[PDB]
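Below, each chain spelled out in residue letters.
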Number of protein chains: 2
Amino acid sequence: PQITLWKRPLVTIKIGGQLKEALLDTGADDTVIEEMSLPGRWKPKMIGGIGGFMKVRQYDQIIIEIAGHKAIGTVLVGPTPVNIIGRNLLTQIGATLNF
Amino acid sequence: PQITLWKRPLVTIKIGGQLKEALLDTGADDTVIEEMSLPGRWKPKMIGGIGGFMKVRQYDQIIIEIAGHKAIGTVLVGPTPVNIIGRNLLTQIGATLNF
Ligand SMILES: COc1ccc(S(=O)(=O)N(CC(C)C)C[C@@H](O)[C@H](Cc2ccccc2)NC(=O)O[C@H]2CO[C@H]3O[C@@H]4OCC[C@@H]4[C@H]32)cc1
Ligand SMILES: [Cl-]
Ligand SMILES: [Cl-]
Ligand SMILES: [Cl-]
Ligand SMILES: [Cl-]
Ligand SMILES: [Cl-]
Ligand code: NA
């Protein structure tokens, strides 16, 4: 698809068997999802943002569908105000910016 | 152009007679620029994201040149860790997300 930006670029994702809404966010290096349970071990990460920093849980090699496209990669979990699909997974679904 | 997302999608902008580097950011409703003077009236605003909120000055009807493409809109000025071109101006240069 070709997604214009008059509204927020929200899509459905599927992660841990669950459907969620998320933003497709070219200004995000990484993918950040609201508190949820994921399998396996996690590693610490601090991320930056507008407002300051946030600690998250880093889970690697997580299966995630984004707008019907399959990705497998790193998901940061924490108390984010919005679920964000960052460049680590936007590249896996073949997304580009065009003008 | 077509801009891939392997790296941050940074472009040169011209604002207030100054050249700056800025991130093309589909996850940002608003354009947010590091502290600078702009002409005309402003009003305070609070904007929110990964780490809470940041206070900014809202300037309306500001012309910008984004990678060669002129647009006009609202610009928020404050201590942003990164200069960000948000959807309010991305729409005006015809930017879309494609996959
Ligand atoms: C109303 O209008 C607004 C309101 C909010 C924002 S925002 O900057 O808070 N943001 C909203 C989004 C969280 C829903 C836009 C994002 O694209 C920011 C834009 C952003 C970039 C850098 C710093 C501050 C903000 N990215 C961001 O927070 O990314 C996080 C996740 O990945 C990491 O990559 C980034 O680069 C490393 C740190 C951040 C980390 C912008 C305009
Ligand atoms: Cl980015
Ligand atoms: Cl990844
Ligand atoms: Cl957005
Ligand atoms: Cl505007
Ligand atoms: Cl359009
Ligand atoms: Na003005």
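Here the residue numbering is sequential from 1 along each chain as its sequence is written and may not follow the entry numbering; residues with no coordinates are omitted from view. Working convention: letters from A go to chains and numbers from 1 go to ligands, in the order in which they are written. For side-chain calculations, the full set of non-hydrogen atoms in the structure is used, while hydrogens and water are omitted.

- Where the PDB entry is consulted, chain A appears under the name HIV-1 protease, with the organism given as Human immunodeficiency virus type 1.

## Quick word on the site of ligand 1
Right, so step 1: Note on definitions. A residue lies near a molecule or strand when any single heavy atom of the residue is within 4 Å of it. Of all residues adjacent to ligand 1, which total 25 residues, the nearest are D25 and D29 of chain A together with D25, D30 and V82 of chain B.
Right, so step 2: Per-site note: the chains with residues close to ligand 1 are chains A and B.
Right, so step 3: Any N or O atom pair separated by 3.5 Å or less is treated as a polar contact, with the protein-specific requirement of one donor-capable and one acceptor-capable atom, and with residues adjacent in sequence counted only for side-chain atom pairs. One of the backbone N or O atoms of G27 of chain A is found 3.2 Å from a nitrogen atom in ligand 1.
Right, so step 4: Take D30 of chain A: an N or O atom from its main chain is 3.4 Å from an oxygen atom of ligand 1.
Right, so step 5: Protein contact buries 90% of the 760 Å² of open area that ligand 1 shows by itself.
Right, so step 6: Here a helix means four or more residues in a row that DSSP labels H or I, a strand means two or more in a row labelled E, and each is numbered from the N terminus. It is strand 5 (residues 42-49) of chain B that provides the largest number of residues to the shell around ligand 1, a total of three residues. Here the accessible surface of atoms and residues is derived via Shrake-Rupley with a 1.4 Å probe, and residues count as covered only by protein chains that are part of the display.

## Some thoughts on the layout of surface pockets
Right, so step 1: A pocket here means an open set of points on a 1 Å grid, computed over the protein atoms alone, that has protein on both sides within 12 Å along at least five of seven lines. A cavity is instead a set of points where a 1.4 Å probe fits but cannot get out; residues with an atom within 4 Å of a point line either one. Grid points are joined across faces, edges and corners, and a volume is the space filled by probe spheres set on the points. When its volume is computed, the largest pocket comes out at roughly 1200 Å³.
Right, so step 2: Taken together, 44 residues make up the lining of the largest pocket; nearest its centre are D25, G49 and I50 of chain A together with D25 and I50 of chain B.
Right, so step 3: At the level of elements, strand 3 (18-24) and strand 5 (43-47) of chain A together with strand 3 (18-24) and strand 5 of chain B are the ones that each hand at least two residues to the lining of the largest pocket.
Right, so step 4: With five residues, strand 5 of chain B is the single largest residue contributor to the lining of the largest pocket.

## Notes on the pattern of salt bridges
Right, so step 1: Each salt bridge in this description consists of a side-chain nitrogen of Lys or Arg and a carboxyl oxygen of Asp or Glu lying within 4 Å of one another. This model, assessed by the stated rule, comprises nine salt bridges over all chains.
Right, so step 2: Here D29 of chain B and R8 of chain A are joined by a salt bridge, their closest N and O atoms 2.8 Å apart. Placement of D29 of chain B in the loop between strand 3 and strand 4 (32-33) and of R8 of chain A in the loop between strand 1 (2-3) and strand 2 (10-15) is noted, with the two residues assigned to different chains.
Right, so step 3: The buried label applies to any residue whose accessible area, calculated with a 1.4 Å probe on protein chains only, is under 20% of its type's maximum; exposed applies above 50%, and partly exposed to all values in between. With a relative accessible area of 28%, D29 of chain B lands in the partly exposed category.
Right, so step 4: Assessed through its relative accessible area of 48%, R8 of chain A is described here as partly exposed.
Right, so step 5: Each of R8 of chain A together with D29 and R87 of chain B takes part in one network of salt bridges that share partners.

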